[PDB]
>>> print(open('model.cif').read())   # mmCIF, C-alpha atoms and all ligand atoms
data_target
#
loop_
_atom_site.label_atom_id
_atom_site.label_comp_id
_atom_site.auth_asym_id
_atom_site.auth_seq_id
_atom_site.Cartn_x
_atom_site.Cartn_y
_atom_site.Cartn_z
CA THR U 32 71.21 98.44 114.52
CA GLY U 33 68.60 95.91 113.37
CA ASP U 34 68.82 97.24 109.82
CA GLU U 35 72.62 96.62 109.76
CA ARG U 36 72.20 92.98 110.78
CA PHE U 37 69.19 92.50 108.52
CA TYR U 38 70.99 93.81 105.43
CA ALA U 39 74.26 92.03 106.15
CA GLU U 40 72.75 88.68 107.18
CA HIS U 41 69.58 88.45 105.07
CA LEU U 42 68.87 90.96 102.31
CA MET U 43 72.34 91.29 100.73
CA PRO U 44 73.24 87.57 100.68
CA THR U 45 69.83 86.86 99.07
CA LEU U 46 70.34 89.51 96.37
CA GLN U 47 73.85 88.12 95.76
CA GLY U 48 72.46 84.57 95.51
CA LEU U 49 69.91 85.74 92.91
CA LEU U 50 71.85 88.21 90.74
CA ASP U 51 75.23 88.29 89.02
CA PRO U 52 77.30 91.30 90.19
CA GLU U 53 76.54 93.53 87.17
CA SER U 54 72.76 92.98 87.50
CA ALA U 55 73.11 93.66 91.24
CA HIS U 56 74.95 96.91 90.39
CA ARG U 57 72.28 98.04 87.95
CA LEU U 58 69.55 97.25 90.49
CA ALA U 59 71.43 99.11 93.25
CA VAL U 60 71.73 102.20 91.03
CA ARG U 61 68.00 102.00 90.23
CA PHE U 62 66.90 101.66 93.87
CA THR U 63 69.27 104.37 94.94
CA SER U 64 68.16 106.78 92.19
CA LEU U 65 64.56 106.26 93.40
CA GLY U 66 65.45 106.82 97.07
CA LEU U 67 64.27 103.33 98.07
CA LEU U 68 66.63 103.11 101.03
CA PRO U 69 66.55 102.31 104.76
CA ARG U 70 67.32 106.06 105.20
CA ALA U 71 69.97 106.30 107.97
CA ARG U 72 68.90 107.64 111.38
CA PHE U 73 72.51 108.57 112.26
CA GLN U 74 72.76 112.36 112.75
CA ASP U 75 76.21 113.58 111.67
CA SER U 76 77.93 115.03 114.72
CA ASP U 77 80.19 118.06 114.48
CA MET U 78 83.27 115.91 115.18
CA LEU U 79 82.91 114.30 111.70
CA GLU U 80 83.05 117.63 109.83
CA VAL U 81 86.17 118.27 107.74
CA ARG U 82 87.23 121.38 105.83
CA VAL U 83 89.41 120.63 102.84
CA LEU U 84 89.68 121.20 99.04
CA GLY U 85 87.96 124.58 99.51
CA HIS U 86 84.84 122.95 100.97
CA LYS U 87 83.10 121.84 104.11
CA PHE U 88 82.35 118.10 104.24
CA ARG U 89 79.58 117.19 106.71
CA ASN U 90 81.26 113.81 107.21
CA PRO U 91 84.41 112.32 105.70
CA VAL U 92 82.83 109.16 104.19
CA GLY U 93 82.24 109.32 100.42
CA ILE U 94 81.10 106.90 97.74
CA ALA U 95 84.04 106.03 95.45
CA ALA U 96 83.93 106.43 91.66
CA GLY U 97 82.41 103.64 89.60
CA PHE U 98 79.29 102.98 91.62
CA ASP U 99 77.45 105.90 89.94
CA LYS U 100 79.39 106.05 86.67
CA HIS U 101 76.83 108.22 84.85
CA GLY U 102 75.56 110.54 87.60
CA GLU U 103 72.15 108.80 87.93
CA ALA U 104 71.90 108.31 91.69
CA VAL U 105 73.62 111.34 93.24
CA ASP U 106 70.72 112.46 95.44
CA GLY U 107 69.94 108.92 96.68
CA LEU U 108 73.62 108.59 97.62
CA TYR U 109 73.44 111.66 99.83
CA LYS U 110 70.25 110.20 101.34
CA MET U 111 72.26 107.06 102.15
CA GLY U 112 74.46 109.24 104.40
CA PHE U 113 77.61 109.80 102.31
CA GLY U 114 79.34 113.09 103.10
CA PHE U 115 80.33 113.52 99.46
CA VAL U 116 79.64 111.80 96.17
CA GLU U 117 82.04 111.11 93.29
CA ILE U 118 80.58 110.14 89.91
CA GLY U 119 82.38 108.66 86.93
CA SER U 120 84.64 107.80 85.43
CA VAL U 121 83.12 109.68 82.48
CA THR U 122 84.69 109.47 79.01
CA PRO U 123 84.33 112.20 76.29
CA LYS U 124 82.31 110.03 73.90
CA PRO U 125 79.88 107.30 74.98
CA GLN U 126 81.41 103.83 74.95
CA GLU U 127 80.15 100.38 75.88
CA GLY U 128 83.18 99.06 77.83
CA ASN U 129 84.27 95.40 77.84
CA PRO U 130 82.14 92.38 76.88
CA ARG U 131 80.16 90.69 79.68
CA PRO U 132 80.70 89.16 82.16
CA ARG U 133 83.09 91.81 83.47
CA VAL U 134 82.38 91.93 87.24
CA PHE U 135 83.13 89.03 89.58
CA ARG U 136 82.40 88.50 93.24
CA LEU U 137 84.95 86.84 95.63
CA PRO U 138 82.72 86.36 98.67
CA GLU U 139 85.27 84.31 100.68
CA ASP U 140 87.65 87.31 100.35
CA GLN U 141 85.05 90.09 100.70
CA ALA U 142 86.42 91.27 97.36
CA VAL U 143 85.35 92.09 93.81
CA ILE U 144 87.28 91.92 90.55
CA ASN U 145 86.06 94.17 87.72
CA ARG U 146 87.03 94.88 84.15
CA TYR U 147 84.20 97.23 83.11
CA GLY U 148 86.58 99.07 80.79
CA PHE U 149 85.13 102.61 81.29
CA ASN U 150 81.55 101.96 80.12
CA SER U 151 80.25 105.55 80.01
CA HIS U 152 77.22 107.52 78.78
CA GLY U 153 79.77 110.16 77.80
CA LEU U 154 80.27 113.82 78.65
CA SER U 155 77.18 115.30 76.89
CA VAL U 156 74.70 112.97 78.58
CA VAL U 157 76.27 113.40 82.02
CA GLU U 158 76.53 117.19 81.48
CA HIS U 159 72.78 117.46 80.86
CA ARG U 160 72.02 115.14 83.76
CA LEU U 161 74.04 117.35 86.14
CA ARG U 162 72.69 120.60 84.69
CA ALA U 163 69.14 119.41 85.53
CA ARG U 164 69.99 119.43 89.27
CA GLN U 165 72.77 122.06 89.28
CA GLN U 166 71.09 124.46 91.72
CA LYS U 167 70.05 121.61 94.00
CA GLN U 168 73.75 120.60 94.03
CA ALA U 169 74.82 124.19 94.79
CA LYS U 170 72.61 124.03 97.93
CA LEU U 171 73.92 120.58 98.95
CA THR U 172 77.52 121.78 98.52
CA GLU U 173 76.80 124.90 100.60
CA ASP U 174 75.34 122.53 103.25
CA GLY U 175 78.53 120.44 103.34
CA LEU U 176 77.73 117.77 100.72
CA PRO U 177 80.14 118.29 97.77
CA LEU U 178 80.15 116.57 94.38
CA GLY U 179 83.19 115.15 92.63
CA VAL U 180 83.49 114.15 89.00
CA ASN U 181 85.98 111.52 87.87
CA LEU U 182 87.26 111.85 84.27
CA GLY U 183 88.45 109.02 81.99
CA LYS U 184 89.75 108.58 78.45
CA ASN U 185 88.05 106.82 75.50
CA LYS U 186 89.47 103.46 74.41
CA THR U 187 90.32 104.76 70.90
CA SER U 188 91.56 108.22 71.99
CA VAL U 189 94.61 109.31 69.97
CA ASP U 190 95.54 112.02 72.52
CA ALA U 191 94.98 111.24 76.22
CA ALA U 192 95.55 114.81 77.43
CA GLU U 193 92.88 116.19 75.08
CA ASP U 194 90.32 113.66 76.45
CA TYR U 195 90.97 114.91 79.99
CA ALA U 196 90.97 118.55 78.89
CA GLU U 197 87.52 118.09 77.28
CA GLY U 198 86.21 116.62 80.55
CA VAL U 199 87.56 119.64 82.49
CA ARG U 200 85.84 122.03 80.09
CA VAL U 201 82.49 120.17 80.05
CA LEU U 202 82.10 118.85 83.60
CA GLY U 203 84.48 121.08 85.56
CA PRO U 204 81.87 123.85 85.85
CA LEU U 205 79.48 121.36 87.48
CA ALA U 206 81.89 119.80 89.99
CA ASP U 207 83.36 120.72 93.33
CA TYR U 208 86.39 118.63 92.42
CA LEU U 209 87.60 116.75 89.39
CA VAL U 210 89.66 113.56 89.40
CA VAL U 211 92.15 112.72 86.74
CA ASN U 212 91.95 109.01 86.71
CA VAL U 213 95.25 107.74 85.42
CA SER U 214 94.98 104.44 87.37
CA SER U 215 92.28 102.21 85.87
CA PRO U 216 93.83 98.76 85.33
CA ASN U 217 91.28 98.21 82.48
CA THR U 218 92.27 100.63 79.71
CA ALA U 219 95.42 99.77 77.71
CA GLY U 220 98.26 102.25 78.32
CA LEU U 221 96.35 104.37 80.88
CA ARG U 222 98.54 103.66 83.93
CA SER U 223 101.74 104.70 82.08
CA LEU U 224 100.24 108.24 82.31
CA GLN U 225 101.50 107.96 85.93
CA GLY U 226 105.15 108.27 84.77
CA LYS U 227 106.97 111.59 85.36
CA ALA U 228 107.37 113.34 81.96
CA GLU U 229 103.97 112.13 80.70
CA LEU U 230 102.23 113.04 83.97
CA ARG U 231 103.76 116.54 84.11
CA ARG U 232 102.67 117.32 80.55
CA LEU U 233 99.19 115.87 81.09
CA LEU U 234 98.58 117.66 84.40
CA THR U 235 99.91 121.00 83.10
CA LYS U 236 97.26 120.86 80.37
CA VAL U 237 94.48 119.84 82.81
CA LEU U 238 95.36 122.62 85.24
CA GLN U 239 95.57 125.24 82.44
CA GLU U 240 92.05 124.25 81.32
CA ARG U 241 90.75 124.32 84.89
CA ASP U 242 92.28 127.75 85.50
CA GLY U 243 90.48 129.03 82.37
CA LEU U 244 87.09 128.38 84.01
CA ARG U 245 85.15 131.21 85.68
CA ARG U 246 85.85 131.64 89.40
CA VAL U 247 82.59 130.23 90.79
CA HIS U 248 82.88 127.24 88.40
CA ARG U 249 86.50 126.37 89.09
CA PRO U 250 86.86 122.91 90.71
CA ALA U 251 89.79 121.50 92.71
CA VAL U 252 91.80 118.96 90.64
CA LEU U 253 92.91 115.63 92.17
CA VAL U 254 94.95 112.74 90.73
CA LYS U 255 93.84 109.18 91.48
CA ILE U 256 96.64 106.67 91.64
CA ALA U 257 97.12 102.94 91.57
CA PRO U 258 98.22 100.83 94.54
CA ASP U 259 100.71 99.05 92.22
CA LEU U 260 103.29 101.84 91.77
CA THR U 261 107.02 101.41 92.22
CA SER U 262 108.83 103.50 94.81
CA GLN U 263 110.23 105.51 91.86
CA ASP U 264 106.69 106.11 90.50
CA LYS U 265 105.48 107.36 93.90
CA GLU U 266 108.48 109.73 94.30
CA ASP U 267 107.89 111.08 90.79
CA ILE U 268 104.16 111.62 91.40
CA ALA U 269 104.86 113.43 94.67
CA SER U 270 107.39 115.69 92.94
CA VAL U 271 105.00 116.57 90.07
CA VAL U 272 102.05 117.19 92.41
CA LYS U 273 104.16 119.66 94.40
CA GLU U 274 105.70 121.33 91.32
CA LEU U 275 102.29 121.93 89.68
CA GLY U 276 100.22 122.62 92.82
CA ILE U 277 97.76 119.75 92.23
CA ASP U 278 95.01 120.09 94.85
CA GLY U 279 94.90 116.51 96.14
CA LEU U 280 95.38 112.80 95.60
CA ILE U 281 92.99 109.91 95.64
CA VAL U 282 94.76 106.82 96.97
CA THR U 283 93.98 104.23 95.63
CA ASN U 284 92.29 102.61 92.64
CA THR U 285 91.97 98.80 92.38
CA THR U 286 94.97 96.48 92.25
CA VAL U 287 96.17 94.27 89.38
CA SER U 288 98.10 92.26 92.00
CA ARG U 289 96.57 89.13 93.53
CA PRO U 290 97.76 88.92 97.15
CA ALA U 291 98.69 85.49 98.42
CA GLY U 292 95.78 83.92 100.24
CA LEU U 293 92.83 84.84 97.99
CA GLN U 294 90.29 82.00 98.22
CA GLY U 295 87.57 83.00 95.72
CA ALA U 296 87.14 80.63 92.76
CA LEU U 297 87.31 83.72 90.47
CA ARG U 298 90.63 85.09 91.84
CA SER U 299 92.39 84.58 88.47
CA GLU U 300 89.97 86.70 86.40
CA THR U 301 91.57 89.71 84.70
CA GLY U 302 90.72 93.07 86.22
CA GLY U 303 91.18 95.30 89.23
CA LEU U 304 90.72 93.77 92.68
CA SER U 305 88.86 95.79 95.33
CA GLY U 306 87.64 95.23 98.90
CA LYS U 307 89.32 93.72 101.93
CA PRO U 308 92.46 92.30 100.21
CA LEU U 309 93.26 95.82 98.96
CA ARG U 310 92.83 97.48 102.36
CA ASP U 311 96.34 97.55 103.82
CA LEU U 312 98.06 97.97 100.44
CA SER U 313 95.97 101.17 100.05
CA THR U 314 96.66 102.35 103.64
CA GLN U 315 100.39 101.92 103.09
CA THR U 316 100.22 103.89 99.83
CA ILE U 317 98.43 106.70 101.70
CA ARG U 318 101.15 106.63 104.35
CA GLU U 319 103.92 106.91 101.76
CA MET U 320 102.21 109.64 99.69
CA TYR U 321 101.46 111.71 102.81
CA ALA U 322 105.16 111.52 103.84
CA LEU U 323 106.40 112.32 100.31
CA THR U 324 104.15 115.41 100.15
CA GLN U 325 105.01 116.48 103.72
CA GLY U 326 101.38 116.35 104.81
CA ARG U 327 100.61 119.43 102.64
CA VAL U 328 98.55 117.67 99.92
CA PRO U 329 95.04 116.47 100.93
CA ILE U 330 94.50 112.74 100.34
CA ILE U 331 91.24 110.89 99.87
CA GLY U 332 91.87 107.38 101.12
CA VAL U 333 90.06 104.49 99.46
CA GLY U 334 90.38 100.69 99.29
CA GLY U 335 88.81 98.07 101.55
CA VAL U 336 87.08 100.44 104.01
CA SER U 337 84.22 98.59 105.71
CA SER U 338 84.34 99.81 109.33
CA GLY U 339 85.17 102.81 111.46
CA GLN U 340 88.52 101.17 112.30
CA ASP U 341 89.37 100.90 108.59
CA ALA U 342 88.43 104.55 108.06
CA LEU U 343 90.43 105.78 111.06
CA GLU U 344 93.49 103.80 110.02
CA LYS U 345 93.48 105.62 106.67
CA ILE U 346 92.85 109.01 108.35
CA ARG U 347 95.72 108.43 110.80
CA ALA U 348 97.91 107.36 107.83
CA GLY U 349 97.23 110.75 106.20
CA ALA U 350 93.76 110.77 104.57
CA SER U 351 91.57 113.84 105.11
CA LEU U 352 88.56 111.99 103.66
CA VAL U 353 87.79 108.35 102.83
CA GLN U 354 85.62 106.55 100.29
CA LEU U 355 84.22 103.07 100.00
CA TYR U 356 82.52 101.04 97.31
CA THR U 357 82.99 97.27 97.65
CA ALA U 358 81.75 97.21 101.27
CA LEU U 359 78.37 98.53 100.09
CA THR U 360 78.07 95.49 97.82
CA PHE U 361 78.46 93.15 100.79
CA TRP U 362 76.77 94.99 103.68
CA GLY U 363 74.32 97.22 101.82
CA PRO U 364 73.28 100.84 102.58
CA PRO U 365 73.47 100.47 106.40
CA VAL U 366 77.29 100.16 106.15
CA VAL U 367 77.48 103.96 105.72
CA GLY U 368 75.97 104.78 109.12
CA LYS U 369 77.96 101.89 110.62
CA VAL U 370 81.31 103.33 109.47
CA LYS U 371 80.35 106.81 110.67
CA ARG U 372 79.16 105.67 114.11
CA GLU U 373 82.21 103.44 114.68
CA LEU U 374 84.53 106.24 113.50
CA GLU U 375 83.02 108.73 115.95
CA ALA U 376 83.35 106.22 118.86
CA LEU U 377 87.00 105.51 117.99
CA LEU U 378 87.92 109.17 117.68
CA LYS U 379 86.57 109.67 121.22
CA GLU U 380 88.37 106.58 122.55
CA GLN U 381 91.68 107.74 121.08
CA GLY U 382 91.35 111.27 122.48
CA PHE U 383 90.85 113.14 119.19
CA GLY U 384 88.56 116.18 119.34
CA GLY U 385 87.42 115.41 115.79
CA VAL U 386 88.43 113.93 112.44
CA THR U 387 90.65 116.91 111.67
CA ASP U 388 92.85 116.21 114.70
CA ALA U 389 93.38 112.61 113.58
CA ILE U 390 94.58 113.36 110.01
CA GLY U 391 98.17 112.15 109.67
CA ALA U 392 98.34 111.37 113.44
CA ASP U 393 100.50 108.27 112.88
CA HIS U 394 103.30 110.42 111.41
CA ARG U 395 103.45 112.54 114.56
CA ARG U 396 103.94 109.54 116.93
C1 LIG I 401 82.91 97.70 89.92
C2 LIG I 401 83.90 98.86 90.12
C3 LIG I 401 83.95 99.90 89.19
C4 LIG I 401 84.86 100.95 89.35
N1 LIG I 401 84.93 102.00 88.47
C5 LIG I 401 85.80 103.03 88.70
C6 LIG I 401 85.88 104.18 87.80
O1 LIG I 401 85.11 104.21 86.81
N2 LIG I 401 86.77 105.13 88.08
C7 LIG I 401 87.59 105.08 89.17
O2 LIG I 401 88.39 106.01 89.34
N3 LIG I 401 87.58 104.07 90.05
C8 LIG I 401 86.71 103.05 89.88
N4 LIG I 401 86.64 101.99 90.78
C9 LIG I 401 87.53 101.97 91.94
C10 LIG I 401 86.90 102.50 93.21
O3 LIG I 401 86.65 103.89 93.01
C11 LIG I 401 87.89 102.33 94.38
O4 LIG I 401 89.10 103.07 94.11
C12 LIG I 401 88.28 100.86 94.62
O5 LIG I 401 87.19 99.96 94.33
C13 LIG I 401 88.80 100.64 96.06
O6 LIG I 401 87.73 100.90 97.00
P1 LIG I 401 86.81 99.72 97.63
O7 LIG I 401 87.78 98.66 98.12
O8 LIG I 401 86.12 100.38 98.80
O9 LIG I 401 85.89 99.21 96.56
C14 LIG I 401 85.72 100.94 90.57
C15 LIG I 401 85.67 99.89 91.49
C16 LIG I 401 84.78 98.86 91.31
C17 LIG I 401 84.71 97.74 92.33
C1 LIG I 402 66.76 98.76 99.82
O1 LIG I 402 67.89 97.98 99.39
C2 LIG I 402 68.93 98.57 98.70
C3 LIG I 402 68.89 99.94 98.41
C4 LIG I 402 69.95 100.53 97.71
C5 LIG I 402 71.02 99.74 97.28
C6 LIG I 402 71.08 98.37 97.59
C7 LIG I 402 72.24 97.63 97.05
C8 LIG I 402 71.97 96.43 96.39
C9 LIG I 402 73.00 95.72 95.78
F1 LIG I 402 72.72 94.56 95.16
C10 LIG I 402 74.31 96.19 95.79
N1 LIG I 402 75.28 95.45 95.17
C11 LIG I 402 76.00 95.96 94.14
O2 LIG I 402 75.85 97.12 93.75
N2 LIG I 402 76.92 95.17 93.55
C12 LIG I 402 77.88 95.70 92.75
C13 LIG I 402 78.16 97.00 92.32
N3 LIG I 402 79.25 97.09 91.49
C14 LIG I 402 79.91 95.91 91.21
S1 LIG I 402 79.08 94.64 92.07
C15 LIG I 402 74.57 97.39 96.44
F2 LIG I 402 75.82 97.84 96.45
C16 LIG I 402 73.55 98.14 97.06
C17 LIG I 402 70.01 97.78 98.27
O1 LIG I 403 85.80 100.94 84.29
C1 LIG I 403 86.63 100.22 84.85
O2 LIG I 403 86.97 99.11 84.39
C2 LIG I 403 87.40 100.66 86.06
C3 LIG I 403 87.96 101.93 86.10
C4 LIG I 403 88.74 102.24 87.24
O3 LIG I 403 89.27 103.36 87.35
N1 LIG I 403 88.95 101.32 88.19
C5 LIG I 403 88.43 100.08 88.09
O4 LIG I 403 88.65 99.22 88.99
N2 LIG I 403 87.67 99.75 87.02
#
>>> encode(input="model.cif", output="structure tokens", more="lines below")
Ligand SMILES: Cc1cc2nc3c(=O)[nH]c(=O)nc-3n(C[C@H](O)[C@H](O)[C@H](O)COP(=O)(O)O)c2cc1C
Ligand SMILES: COc1cccc(-c2cc(F)c(NC(=O)Nc3cncs3)c(F)c2)c1
Ligand SMILES: O=C(O)c1cc(=O)[nH]c(=O)[nH]1
Amino acid sequence: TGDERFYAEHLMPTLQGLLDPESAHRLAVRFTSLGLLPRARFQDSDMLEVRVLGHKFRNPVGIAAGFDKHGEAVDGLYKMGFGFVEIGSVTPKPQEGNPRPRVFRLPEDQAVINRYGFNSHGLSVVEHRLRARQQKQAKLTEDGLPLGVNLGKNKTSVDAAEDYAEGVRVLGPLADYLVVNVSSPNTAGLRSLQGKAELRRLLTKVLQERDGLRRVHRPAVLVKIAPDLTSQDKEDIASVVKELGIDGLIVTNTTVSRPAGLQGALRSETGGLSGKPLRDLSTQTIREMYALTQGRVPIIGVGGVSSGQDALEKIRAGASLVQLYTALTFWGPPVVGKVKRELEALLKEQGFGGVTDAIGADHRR
């Protein structure tokens, strides 16, 4: 479309030339929360519909956690054409995160590095914000537009499991699914929650708390993992997920690795790397996790998705749904309709009746 080319070639590069990435982020959230958007003309066709996690998803393209950390722009994100929205990560108490600057653009790599450090309005603020639109969300969900909430841990928390449990109790009743984020590269000690004994204990507590919620307010629980795990780590996660009956996996968060070939001047900043250099690392992690769980655990695939081809590669690797974030920062709102339109065309070209038929297709070749 003309909007796609206009955003990608004119509007977005101009905004990027004028604003540091954090200011750009804050502006994006503001414009989105106000519905000031090109408003996609793409009608979701039936072949993009997916049923998973106890819900219908009108299309399989979601906005990844971190864009709307505090639940301020949920409705504008659906207007942008996302099939589902994940907010967060949200921590129990409000916290400021790391000192600025803490977000860095690598335009030559179509990548971002961030070290926000879980800046969060906290559970109470987000709870009230979601309560104010709770019935509007119930309608959206019923119409195939579910809401996910991603939970984090405070920097000074003395008991990680109790932080997550508090999030389940407070935001679980407002969410279609919850994500236990044990994969931020930007909170000391967080990723070691991915180890076997620690993960089993943590997830047992989260699931107990979830199961204690009333039936209509009981969300699916997913675990979001890093792309930097050892083979042993991945095996252990797969085993725990199956033992406890975890509902799904989100694969993957940002990477602390710095792949050979990064060109951006800021490539050596501390933080998680997202965008194109993460893409195939994430796809391969999806492929491994799908195999280790025998295709029985739904996976949301995320990392470097910017086109229908990228989305379909993750779906064929084993993802039931995909998310993007970094691509929005480069291409702007029209990227959402672009991914959906290209995905539909490719499904047709590859002889799939719909997204559902393509899930895990590479493992059946
Ligand atoms: C600026 C920024 C902030 C993020 N914040 C969070 C977060 O709070 N919680 C989370 O689980 N993931 C967070 N992520 C990770 C994204 O959800 C996603 O896993 C990752 O960026 C890979 O997708 P992408 O390549 O499409 O950006 C963040 C990513 C970025 C770039
Ligand atoms: C009508 O025009 C619109 C409407 C709605 C949204 C945008 C829009 C603008 C932007 F500057 C960005 N960029 C970022 O958020 N950068 C970053 C986010 N997190 C780390 S860096 C965006 F993603 C979207 C433009
Ligand atoms: O807040 C952050 O720093 C953050 C959290 C997360 O889960 N992933 C990420 O890349 N950054």
>>> closest_atom_pairs(input="model.cif", of="chain U", to="ligand LIG 403 (chain I)", cutoff="7 Å", atoms="only C-alpha atoms and all ligand atoms", output="Markdown table")
| residue | atom | partner | partner_atom | distance |
| --- | --- | --- | --- | --- |
| U:97 | CA | I:LIG403 | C3 | 6.8 |
| U:120 | CA | I:LIG403 | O3 | 6.7 |
| U:145 | CA | I:LIG403 | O4 | 5.8 |
| U:146 | CA | I:LIG403 | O2 | 4.2 |
| U:147 | CA | I:LIG403 | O2 | 3.6 |
| U:148 | CA | I:LIG403 | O2 | 3.6 |
| U:149 | CA | I:LIG403 | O1 | 3.5 |
| U:150 | CA | I:LIG403 | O1 | 6.0 |
| U:212 | CA | I:LIG403 | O3 | 6.3 |
| U:214 | CA | I:LIG403 | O3 | 5.8 |
| U:215 | CA | I:LIG403 | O3 | 3.5 |
| U:216 | CA | I:LIG403 | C5 | 6.2 |
| U:217 | CA | I:LIG403 | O2 | 4.8 |
| U:284 | CA | I:LIG403 | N1 | 5.7 |
| U:285 | CA | I:LIG403 | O4 | 4.8 |
| U:303 | CA | I:LIG403 | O4 | 4.7 |
| U:304 | CA | I:LIG403 | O4 | 6.9 |
>>> closest_residue(input="model.cif", among="U:283, U:187, U:387, U:324", to="ligand LIG 401 (chain I)", atoms="all atoms listed in the file")
U:283
>>> closest_atom_pairs(input="model.cif", of="chain U", to="ligand LIG 402 (chain I)", cutoff="8 Å", atoms="all atoms listed in the file", output="JSON lines")
{"residue": "U:38", "atom": "CA", "partner": "I:LIG402", "partner_atom": "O1", "distance": 8.0}
{"residue": "U:42", "atom": "CA", "partner": "I:LIG402", "partner_atom": "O1", "distance": 7.7}
{"residue": "U:43", "atom": "CA", "partner": "I:LIG402", "partner_atom": "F1", "distance": 6.5}
{"residue": "U:46", "atom": "CA", "partner": "I:LIG402", "partner_atom": "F1", "distance": 5.7}
{"residue": "U:47", "atom": "CA", "partner": "I:LIG402", "partner_atom": "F1", "distance": 6.6}
{"residue": "U:50", "atom": "CA", "partner": "I:LIG402", "partner_atom": "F1", "distance": 7.8}
{"residue": "U:52", "atom": "CA", "partner": "I:LIG402", "partner_atom": "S1", "distance": 4.2}
{"residue": "U:53", "atom": "CA", "partner": "I:LIG402", "partner_atom": "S1", "distance": 5.6}
{"residue": "U:54", "atom": "CA", "partner": "I:LIG402", "partner_atom": "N2", "distance": 7.7}
{"residue": "U:55", "atom": "CA", "partner": "I:LIG402", "partner_atom": "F1", "distance": 4.0}
{"residue": "U:56", "atom": "CA", "partner": "I:LIG402", "partner_atom": "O2", "distance": 3.5}
{"residue": "U:57", "atom": "CA", "partner": "I:LIG402", "partner_atom": "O2", "distance": 6.9}
{"residue": "U:58", "atom": "CA", "partner": "I:LIG402", "partner_atom": "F1", "distance": 6.3}
{"residue": "U:59", "atom": "CA", "partner": "I:LIG402", "partner_atom": "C5", "distance": 4.1}
{"residue": "U:60", "atom": "CA", "partner": "I:LIG402", "partner_atom": "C5", "distance": 6.8}
{"residue": "U:61", "atom": "CA", "partner": "I:LIG402", "partner_atom": "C4", "distance": 7.9}
{"residue": "U:62", "atom": "CA", "partner": "I:LIG402", "partner_atom": "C4", "distance": 5.0}
{"residue": "U:63", "atom": "CA", "partner": "I:LIG402", "partner_atom": "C4", "distance": 4.8}
{"residue": "U:66", "atom": "CA", "partner": "I:LIG402", "partner_atom": "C4", "distance": 7.8}
{"residue": "U:67", "atom": "CA", "partner": "I:LIG402", "partner_atom": "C1", "distance": 5.5}
{"residue": "U:68", "atom": "CA", "partner": "I:LIG402", "partner_atom": "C1", "distance": 4.5}
{"residue": "U:69", "atom": "CA", "partner": "I:LIG402", "partner_atom": "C1", "distance": 6.1}
{"residue": "U:97", "atom": "CA", "partner": "I:LIG402", "partner_atom": "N3", "distance": 7.5}
{"residue": "U:98", "atom": "CA", "partner": "I:LIG402", "partner_atom": "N3", "distance": 5.9}
{"residue": "U:134", "atom": "CA", "partner": "I:LIG402", "partner_atom": "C14", "distance": 6.1}
{"residue": "U:135", "atom": "CA", "partner": "I:LIG402", "partner_atom": "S1", "distance": 7.4}
{"residue": "U:136", "atom": "CA", "partner": "I:LIG402", "partner_atom": "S1", "distance": 7.1}
{"residue": "U:143", "atom": "CA", "partner": "I:LIG402", "partner_atom": "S1", "distance": 7.0}
{"residue": "U:145", "atom": "CA", "partner": "I:LIG402", "partner_atom": "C14", "distance": 7.3}
{"residue": "U:356", "atom": "CA", "partner": "I:LIG402", "partner_atom": "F2", "distance": 7.5}
{"residue": "U:357", "atom": "CA", "partner": "I:LIG402", "partner_atom": "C13", "distance": 7.2}
{"residue": "U:358", "atom": "CA", "partner": "I:LIG402", "partner_atom": "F2", "distance": 7.7}
{"residue": "U:359", "atom": "CA", "partner": "I:LIG402", "partner_atom": "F2", "distance": 4.5}
{"residue": "U:360", "atom": "CA", "partner": "I:LIG402", "partner_atom": "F2", "distance": 3.5}
{"residue": "U:361", "atom": "CA", "partner": "I:LIG402", "partner_atom": "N1", "distance": 6.9}
{"residue": "U:362", "atom": "CA", "partner": "I:LIG402", "partner_atom": "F2", "distance": 7.8}
{"residue": "U:363", "atom": "CA", "partner": "I:LIG402", "partner_atom": "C16", "distance": 4.9}
{"residue": "U:364", "atom": "CA", "partner": "I:LIG402", "partner_atom": "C5", "distance": 5.9}
>>> atom_distance(input="model.cif", atom1="atom CA of residue 352 of chain U", atom2="atom CA of residue 93 of chain U")
7.6 Å
>>> residues_around(input="model.cif", residues="segment 365-375 of chain U", least_positions_apart="3", cutoff="10 Å", atoms="only C-alpha atoms", output="NGL selection string")
:U and (32-39 or 68-79 or 90-94 or 111-114 or 336-344 or 355 or 358-362 or 378-380 or 383-386)
>>> residues_around(input="model.cif", residues="segment 229-235 of chain U", least_positions_apart="5", cutoff="10 Å", atoms="only C-alpha atoms", output="compact mmCIF listing (two decimals) with C-alpha atoms, in the frame of the given file")
# COMPACT_ATOMS: atom_id res chain seq x y z
CA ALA U 191 94.98 111.24 76.22
CA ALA U 192 95.55 114.81 77.43
CA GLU U 193 92.88 116.19 75.08
CA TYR U 195 90.97 114.91 79.99
CA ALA U 196 90.97 118.55 78.89
CA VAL U 211 92.15 112.72 86.74
CA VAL U 213 95.25 107.74 85.42
CA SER U 223 101.74 104.70 82.08
CA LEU U 224 100.24 108.24 82.31
CA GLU U 240 92.05 124.25 81.32
CA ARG U 241 90.75 124.32 84.89
CA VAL U 252 91.80 118.96 90.64
CA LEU U 253 92.91 115.63 92.17
CA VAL U 254 94.95 112.74 90.73
CA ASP U 267 107.89 111.08 90.79
CA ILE U 268 104.16 111.62 91.40
CA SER U 270 107.39 115.69 92.94
CA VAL U 271 105.00 116.57 90.07
CA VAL U 272 102.05 117.19 92.41
CA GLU U 274 105.70 121.33 91.32
CA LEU U 275 102.29 121.93 89.68
CA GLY U 276 100.22 122.62 92.82
CA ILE U 277 97.76 119.75 92.23
